[PDB]
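Protein chains in written order, with full-length UniProt numbering: chain A, 4 to 395; chain B, 4 to 395; chain C, 3 to 138; chain D, 3 to 133; chain E, 2 to 169; chain F, 12 to 526; chain G, 12 to 85.
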Amino acid sequence: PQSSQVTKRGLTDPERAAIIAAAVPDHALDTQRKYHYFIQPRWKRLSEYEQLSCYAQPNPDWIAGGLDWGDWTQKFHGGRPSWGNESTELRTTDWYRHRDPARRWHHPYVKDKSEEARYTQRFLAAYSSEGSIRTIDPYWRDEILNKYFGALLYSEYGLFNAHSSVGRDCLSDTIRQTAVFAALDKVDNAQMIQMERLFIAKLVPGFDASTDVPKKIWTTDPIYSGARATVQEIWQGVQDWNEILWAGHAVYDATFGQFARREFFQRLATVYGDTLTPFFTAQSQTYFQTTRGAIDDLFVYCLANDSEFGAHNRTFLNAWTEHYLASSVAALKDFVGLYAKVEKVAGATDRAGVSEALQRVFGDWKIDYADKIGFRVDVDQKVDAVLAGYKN
Amino acid sequence: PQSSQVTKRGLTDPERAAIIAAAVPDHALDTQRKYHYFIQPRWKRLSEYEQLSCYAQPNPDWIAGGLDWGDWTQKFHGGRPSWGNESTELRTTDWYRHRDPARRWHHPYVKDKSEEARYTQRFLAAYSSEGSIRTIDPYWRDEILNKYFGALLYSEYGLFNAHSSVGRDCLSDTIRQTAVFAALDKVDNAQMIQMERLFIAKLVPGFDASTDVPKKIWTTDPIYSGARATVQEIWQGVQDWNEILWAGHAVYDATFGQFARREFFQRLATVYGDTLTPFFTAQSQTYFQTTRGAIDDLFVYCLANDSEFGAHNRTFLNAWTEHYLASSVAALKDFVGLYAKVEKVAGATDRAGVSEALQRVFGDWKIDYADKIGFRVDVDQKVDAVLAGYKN
Amino acid sequence: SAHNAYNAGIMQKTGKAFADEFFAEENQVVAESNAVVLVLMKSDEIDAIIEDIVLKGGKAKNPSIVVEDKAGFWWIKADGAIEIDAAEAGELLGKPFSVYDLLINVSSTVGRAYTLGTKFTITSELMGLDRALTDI
Amino acid sequence: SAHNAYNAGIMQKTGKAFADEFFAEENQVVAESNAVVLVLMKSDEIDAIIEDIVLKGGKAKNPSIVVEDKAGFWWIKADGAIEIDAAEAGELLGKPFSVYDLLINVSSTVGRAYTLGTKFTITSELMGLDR
Amino acid sequence: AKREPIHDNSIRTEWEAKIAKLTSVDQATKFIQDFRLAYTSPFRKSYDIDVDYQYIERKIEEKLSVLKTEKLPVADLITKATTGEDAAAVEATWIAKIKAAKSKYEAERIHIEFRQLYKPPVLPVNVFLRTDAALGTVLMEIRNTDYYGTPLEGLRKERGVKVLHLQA
Amino acid sequence: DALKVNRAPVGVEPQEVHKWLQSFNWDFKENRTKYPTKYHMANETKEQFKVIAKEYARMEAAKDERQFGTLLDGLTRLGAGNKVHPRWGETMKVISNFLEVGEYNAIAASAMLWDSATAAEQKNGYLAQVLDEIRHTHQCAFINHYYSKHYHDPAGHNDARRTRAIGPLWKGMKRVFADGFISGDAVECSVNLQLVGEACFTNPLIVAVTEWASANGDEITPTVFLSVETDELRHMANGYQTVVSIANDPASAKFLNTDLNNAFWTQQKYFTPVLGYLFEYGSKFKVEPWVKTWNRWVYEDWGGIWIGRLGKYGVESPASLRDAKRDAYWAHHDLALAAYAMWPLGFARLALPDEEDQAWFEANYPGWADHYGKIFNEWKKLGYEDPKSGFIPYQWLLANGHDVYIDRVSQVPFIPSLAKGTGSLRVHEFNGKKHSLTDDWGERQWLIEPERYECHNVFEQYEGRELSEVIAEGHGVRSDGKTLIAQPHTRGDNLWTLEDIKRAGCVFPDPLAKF
Amino acid sequence: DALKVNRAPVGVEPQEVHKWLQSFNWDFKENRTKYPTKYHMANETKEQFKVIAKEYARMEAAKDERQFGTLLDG
Ligand SMILES: [Fe+3]
Ligand SMILES: [Fe+3]
């Protein structure tokens with residue numbers, strides 16, 4: 004036995020199920036069965052993503068778009084509101100307008116990352132069984148990948164932590180989900196770089212997967228000097244949560260981050276016989292494009308074209324872009340000094356190859372972000388500014 | 004008011020649930036709750052894989068290991084039994100002994116492949132968004148990858164269909180699961196090669212993803228002459244189901260197939276700037292290693308070391324290996340003519356590079372299969388035989 | 003409509019009246035039927051599809067549809083054909099829903115079944131044997 | 003054991019007898035307890051773990067363990083500590099079962115909880131304060 | 002007496018008409034500072050628009066913010082208050098002010114008035130948030146020193162309330 | 012070399028990556044929290060549940076697949092969504108949507124803990140917690156989404172994110188597990204969110220309630236809520252690590268006891284009456300008396316296993332505990348008087364205690380029959396349930412001198428002339444504005460920190476307006492635009508409409524005008 | 012070229028691969044069934060449910076997760 008009643012279940016206990024059936028009306032008491040039917044749908048029909056997410060944040064009418072009323076029940080000492088308009092320079096007629104185009108609420112987000120988690124471990128067990136590491140260039144493996152790809156994890160980690168104040172401060176539910184999912188993808192990137200290094204260490208005697216050398220390089224090597232300065236500023240130097248998301252994803256990670264991950268480590272892996280690193284950069288680049296879809300919606304569809312504050316918001320976005328683009332250009336000018344340490348490969352690591360890689364990064368960025376907020380940019384000028392750091 | 008009774012559920016209807024509760028005994032009528040508790044566990048305790056799979060095949064005692072008795076209820080015209088000992092030359096004290104080391108019953112198998120299915124489509128949507136196809140070598144893309152990797156799908160497809168008679172003829176349940184899962188992985192490989200070509204066609208104007216040119220190459224190009232001859236024999240030339248599985252996976256696919264997939268297309272993708280193909284070969288190589296674990300268990304643990312028939316079975320395995328290794332050496336000798344069409348890259352496509360790739364394939368094969376059945380092989384002799392087809 | 007009921011015709015009779023018709027000379031060979039039967043296993047998505055698609059636009063286009071509650075599944079019988087557009091279902095459900103997802107709870111078919119685009123169809127037609135009635 | 007019952011002590015009382023003890027002066031401050039409480043939501047894997055681990059080797063090692071049926075979950079209370087080894091659970095269930103998988107149906111803890119290796123532990127110990 | 006509807010009423014409408022007449026950064030800065038002194042915080046001058054002032058304040062903020070982006074150089078948006086003051090000078094001045102406070106009653110009024118005068122869009126958001134946090138750190142620490150040390154009867158006197166009713 | 016390599020199959024397990032996380036941080040002058048805090052002590056602690064992003068998603072997705080399988084396949088085929096006693100199905104409109112906002116605020120509070128953490132391992136742990144609170148928000152939403160689709164009354168399951176704003180019980184929900192977490196000291200969240208909220212109150216709120224759901228026919232809520240709380244082990248453990256750091260530093264430890272008492276009072280002030288009311292009055296079948304549920308989980312187990320054990324290290328039993336125990340016994344009965352009297356402002360359909368309920372209340376709370384029972388029975392005689400009666404009890408309270416006040420701090424309603432729980436009315440004027448406070452602990456919070464507590468109450472917003480106009484403006488109606496969502500009975504007939512409310516002529520007063 | 016490309020997001024749907032499956036066979040004399048049969052007629056027909064290996068697995072795993080959730084949990 005047991006000291007407490009074994010509660011009878013109303014679903015299956017005959018006596019309680021009969022009492023319940025006598026109490027339940029024989030007809031429905033309303034016909035509206037669409038959960039939060041009053042949300043304005045972004046697409047041709049209301050999505051489950053919108054139903055589960057929208058208006059979960061309890062904003063009052065004095066935060067644009069809120070459906071509640073009155074002051075908060077408890078504020079910070081001094082009077083800072085639980086959420087408030089003072090959190091950001093940008094303005095809108097409705098902070099709830101943002102929609103992630105991938106429609107990620109928590110369940111599809113972890114469902115997809117679980118697939119990647121399990122398949123990654125199956126891939127590694129087979130790759131080690133295959134012996135495919137035998138054909139990687141050793142200098143690339145030991146002197147470039149281990150050390151400087153390792154150091155890049157600190158950029159991802161800093162971008163992860165830039166989101167901590169965003170998660171507290173931002174003003175609607177769909178924005179908070181977008182920000183938090185972006186943060187986990189950045190710390191995942193950092194962890195996946197370390198996972199690749201730990202994996203190589205099991206296959207290559209003498210290969211050291213300690214972060215000691217990567218951290219020394221991130222913190223003191225001139226190659227990462229500009230990048231680290233930018234990440235420190237975006238993470239800890241500002242608190243406007245729109246400024247963090249824009250500077251972090253739409254300027255710095257879209258120029259410096261894309262060049263380092265895609266044009267340097269991923270592209271050059273496929274010039275130096277590295278059959279392992281492309282499996283890992285496949286994930287970070289997939290995450291980048293998913294994050295970009297949501298960042299683009301927030302800043303372009305919603306804020307840069309808000310019917311009342313679009314031009315107002317473009318004034319701030321233009322000023323931020325001028326500042327952080329200069330920071331990112333300086334970061335890339337520092338970073339292309341790494342090409343002086345790699346084996347020359349025509350069209351890839353010579354001046355023409357690096358120039359074309361920079362034309363892709365700045366040219367794509369002009370299309371994806373600059374043109375959509377009215378920021379004028381001379382791509383050739385930015386390419387030449389970075390190439391001043393390239394050792395011929 | 005539908006024409007038929009709305010049946011009352013016994014779990015929830017008060018009257019029927021009360022009748023059921025009165026009928027159910029107040030104690031369990033046995034304590035043995037382990038489904039098919041009498042299966043001999045391969046590992047420390049019985050696995051769910053074994054419980055759900057083992058003895059599903061209803062063999063009688065005159066097929067080694069069977070627990071039933073008597074003749075089949077209906078045989079082929081002439082007398083061929085539903086299953087019988089005449090299906091293979093190999094013998095064993097128990098056809099049920101095989102265990103897949105991955106313990107795949109149907110559910111974990113499709114769970115894992117579903118992960119790869121969904122992640123592949125997210126990867127492709129991001130890769131096209133990234134523009135990363137821009138740095139692939141065009142000659143590799145158009146003259147080598149499109150044509151000769153395309154042609155390789157026919158090898159995978161032929162190996163897929165070799166399993167059709169295996170699926171009907173083989174003598175136990177765990178062997179049947181191993182064979183069918185191996186077959187789906189082969190047709191998946193063929194489909195994924197076509198999927199990659201169809202995807203590149205969306206990115207590269209003028210790139211033709213029709214199978215016309217791959218099929219012409221497979222059926223008439225001297226480079227695939229020996230391979231196609233071998234696949235035709237393994238698929239349609241024999242019906243001993245152990246001979247098919249051994250020749251197919253343990254000889255031909257482990258030498259020719261591994262060289263073409265891993266040493267040629269995967270490895271050289273990472274010499275010619277191909278950031279796309281490694282995503283697809285990652286899957287075929289994972290599948291190869293999973294299949295090999297199961298094939299290894301069947302032929303090494305169970306058949307080459309069967310307590311009564313081990314030496315008997317090695318006599319046949321040795322004879323098969325002699326024959327199909329010669330077929331595969333001839334296939335490779337033809338195939339390395341493809342190097343005459345690729346841009347020379349020192350250590351990869353020169354004679355020294357190809358020789359080291361053949362040393363990996365034949366050396367790994369000697370360890371993974373030959374040594375375990377007592378098959379003598381001189382690796383240097385096989386490497387030299389293939390290099391006679393290499394144009395200096 | 004009535005002739006498509008699960009208990010249509012002889013199924014209304016019991017006892018000796020049933021036996022007399024069951025064993026009648028004319029009922030010892032099959033009779034051609036123009037019907038199709040579709041079984042859907044009950045689930046959140048299927049039950050929404052039954053209520054808002056099959057019993058609304060489906061029955062508006064084909065008034066011979068009968069739907070019967072069989073505890074764990076829905077039994078549907080109709081003259082000629084039944085169709086379900088997965089695109090219409092996905093609009094109703096608010097989540098990704100291809101024709102492959104529709105099939106997750108399509109449990110059985112008596113008739114010629116196929117998918118084409120986003121639409122699932124079961125039909126009395128004998129494709130490959132019946133000849134087209136228009137060149138269009 | 004009896005002191006670890008869900009309805010131990012004052013919970014046996016009803017009506018005025020309950021109120022008299024509930025409002026007694028000595029019961030207006032908390033009292034240190036050496037117990038831990040572990041809640042496991044019912045499921046095929048959890049129910050096997052309850053019957054063949056907690057109520058066999060667990061209770062033999064810690065005879066103060068009490069398990070009560072709370073409809074949707076198991077309520078477990080014990081002196082000192084409760085431990086569950088995922089490796090032992092995995093052997094019982096016949097399927098891959100890491101400590102991470104064990105946590106899928108570990109619904110709540112009153113006490114200090116952690117995993118170490120394949121083992122989950124909830125303890126009265128105040129780690130980082132106790133020696 | 003009788004409140005009008007919550008979200009649409011004559012008080013909000015009348016204030017929106019006043020706000021629409023603002024045409025310069027200087028005018029709207031004096032307007033919003035005067036408004037926040039008159040109608041916000043426990044030390045406000047008037048509760049006459051209590052259920053509407055937060056929405057009205059939002060609308061003033063929006064007008065000032067658009068006037069700033071229309072009229073000011075970019076560098077002023079980052080480094081100056083709309084009073085014309087250097088934003089970093091404002092930060093240093095008010096942190097020093099609250100660290101010089103002698104009691105929690107002095108400290109609380111400094112923090113409250115800092116917000117009444119410099120809440121965005123008057124001060125740039127980044128400078129304001131870090132100043133508000135530094136001020137709040139000091140206020141919390143002085144308030145949480147001997148938090149239970151003064152009896153309620155004495156706290157009511159220190160606060161200066163008029164006690165209208167105490168249930169027996 | 013190019014020929015020889017170890018080909019043993021290896022991967023990289025989560026703990027192998029986790030051991031390098033602490034080295035991911037680096038030193039720079041600006042590397043410190045952005046939020047105000049009193050707590051500045053060393054806090055370099057270690058995660059008790061090693062997790063990395065990939066493993067986090069693997070674990071949570073596995074929990075989800077089992078839960079959504081049960082809901083969308085099994086329970087739907089059983090018709091379980093309409094096998095719930097009406098009282099309980101109405102209760103879940105409130106429990107799930109109110110819990111939703113607690114989960115939602117816990118995302119933001121967890122982000123403050125992430126921001127104020129100094130160790131990379133703890134920053135990693137708090138991100139996992141941030142993600143879990145997003146999971147729990149969507150899980151609570153999913154319960155009301157499922158009820159909207161399958162239960163006989165979807166109204167109010169389908170729109171609480173706006174219809175909650177009409178009523179007075181929602182105001183206190185925005186403090187109890189919401190503003191009270193996120194509007195204050197960031198490191199202190201380890202005390203209020205975690206040592207109190209998660210370690211004490213989530214057990215009765217999320218776990219114990221599943222037994223009441225099951226008793227009343229609801230197997231949806233156990234399926235979801237029991238999965239929600241699986242994440243809570245990691246949250247309690249995160250907070251404990253920081254409490255240890257606070258305890259070990261004399262300068263930070265001197266704040267801990269005051270923060271713990273204020274957090275405990277703040278949360279219990281609302282949680283104790285409101286959840287006790289929802290359990291006992293919003294059920295047909297009762298599992299046990301609420302006051303025993305509270306005794307088991309709050310006073311004995313959390314009180315002894317967390318607080319009593321920490322007493323060895325200087326943590327004091329909350330000084331407000333005696334006041335809280337009085338609330339555990341009577342405050343939910345006091346709250347029921349206000350909830351039933353003001354039923355038109357809610358979004359749920361209520362049921363007066365029936366004859367066997369009344370016997371149970373009196374057996375377990377002697378004195379209930381002669382106080383609360385007689386009031387409910389008189390309301391029934393006057394026509395409480397009958398839309399043609401013209402009777403709403405809030406007006407009856409005022410006609411008999413039983414005024415309703417709102418605590419300026421907690422927002423909990425208080426009826427001093429009928430209450431048996433803890434409370435006494437204090438009314439102060441300050442700078443031209445009157446304020447009502449209802450207990451010694453909240454009165455101190457307001458006297459010391461008036462600029463933290465300026466929440467408008469429903470009488471201030473609605474003063475002089477007629478009840479039916481407030482309900483219509485707030486969308487408190489069904490899809491016909493006229494029938495109230497809220498009802499004073501749970502039957503399918505004789506539902507009240509806006510015109511039925513209007514005939515009562517109920518107009519909101521200023522309760523403090525008399526002072 | 013190396014700078015210009017369509018960056019519209021695209022994948023490859025199962026029916027896009029399935030269209031090419033018929034072409035995967037090739038002609039050779041021994042390419043015929045191993046089993047005895049009376050039936051030797053032409054049989055070059057088309058699948059009514061286009062499926063490829065990846066999509067096969069996705070569909071069945073989706074069925075399985077719902078079924079095993081119901082059994083093992085609810
Ligand atoms: Fe939570
Ligand atoms: Fe939590």
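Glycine included, C-beta positions come from ideal geometry on N, C-alpha and C.
Establish whether the CB of residue i and some CB of chain B are separated by less than 8 Å.
i             : result
residue 34(D) : no
residue 45(G) : yes
If the cut is a Cβ gap below 8 Å, which residues of chain D does residue i touch?
i              : result
residue 50(B)  : 96 and 97
residue 107(F) : Correct list: empty, because the minimum Cβ distance to chain D is about 16 Å.
How would you list, in chain order, the residues of chain F whose beta-carbon sits under 8 Å from the beta-carbon of residue i?
i              : result
residue 78(G)  : 80 and 84
residue 366(B) : 14
Which residues in chain C have a C-beta closer than 8 Å to the C-beta of residue i? List them in chain order.
i             : result
residue 88(F) : 43, 44, 45 and 74
Hey, quick one: how far does the beta strand (DSSP E) through residue i stretch, first residue to last?
i              : result
residue 39(C)  : 37 to 43
residue 446(F) : 444 to 448
With 8 Å set as the bound, which would you pick, yes or no: does the beta-carbon of residue i sit closer than that to a beta-carbon of chain A?
i              : result
residue 120(E) : yes
At a Cβ threshold of 8 Å, is residue i touching chain G?
i              : result
residue 117(C) : yes
residue 119(B) : yes
Residue i CB to nearest chain E CB: under 8 Å?
i              : result
residue 97(A)  : no
residue 170(A) : no
Does any residue of chain C have a CB that is nearer than 8 Å to the CB of residue i?
i              : result
residue 125(B) : no
residue 52(G)  : no
So residue i contacts chain E; which residues on that side make the cut at Cβ distance below 7 Å?
i              : result
residue 444(F) : 48
Does DSSP put residue i in a helix, a strand or coil?
i              : result
residue 416(F) : strand
Ignoring anything shorter than 3 residues or poking outside the segment 65 to 96 of chain D, list the beta strand (DSSP E) runs there in chain order. Note on the segment 65 to 96 of chain D: whole beta strand (DSSP E) runs with a minimum of 3 residues are 68 to 71, 75 to 81 and 83 to 87, in chain order.
List, from N- to C-terminal side, the alpha helix (DSSP H) runs of 4 residues or more that fit wholly inside the segment 241 to 293 of chain A. 244 to 248
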